[PDB]
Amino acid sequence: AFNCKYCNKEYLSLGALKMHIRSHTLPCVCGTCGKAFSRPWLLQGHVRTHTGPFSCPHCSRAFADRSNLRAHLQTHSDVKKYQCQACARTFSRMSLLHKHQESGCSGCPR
């Protein structure tokens, strides 16, 4: 009994519908990947990430794929926390930071 006012694409669960609707209210678009955000501050937080495709927070190195990025991060030390530069929330791995950041800062640890 759920449907999106923006494109009428009926939903059965309201959580998924909740996630859908958010994608229509996203004017702030990047240029380094064209990913989208709801507020200018969120977009700016996102590009803080770009030392330039994919970048290491610790040493600013870039890699052609996320696999080599992932493997590279294994070489680093205590960290540990990846901190979102938009909401300051911290994360255990970069995959969980990115996923948080790209959904407009959604999802709280643990």
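One-based numbering along the sequence shown.
Student: Which class fits the unmodelled deposited stretch between residue 52 and residue 53: none, 1 to 3, 4 to 9, or 10 or more?
Tutor: Per the record, 1 to 3 deposited residues are absent between residue 52 and residue 53.
Student: On mean Cα temperature factor in this entry, is 89-97 or 13-21 the higher one?
Tutor: Stretch with the greater average CA B-factor: 13-21.
Student: Taking only the CA atoms, which stretch has the higher mean B-factor in the record, 65-73 or 24-32?
Tutor: Mean C-alpha B-factor is greater for 24-32.
Student: Among the chain's modelled residues, which third holds the C-alpha B-factor of residue 59?
Tutor: Middle third of the chain for residue 59's C-alpha B-factor.
Student: Residue 79's Cα B-factor: lowest, middle or highest third of the chain?
Tutor: Within its chain, residue 79 is a highest-third residue by C-alpha B-factor, going by the deposited values.
Student: Could you say whether, by C-alpha temperature factor, residue 1 belongs to the lowest, middle or highest third of its chain?
Tutor: It belongs to the highest third of the chain when residues are ordered by C-alpha B-factor.
Student: Report the third (lowest, middle or highest) to which the CA temperature factor of residue 7 belongs, ranking only the modelled residues of the same chain.
Tutor: Its C-alpha B-factor, which the entry lists for residue 7, ranks in the highest third among residues of this chain.
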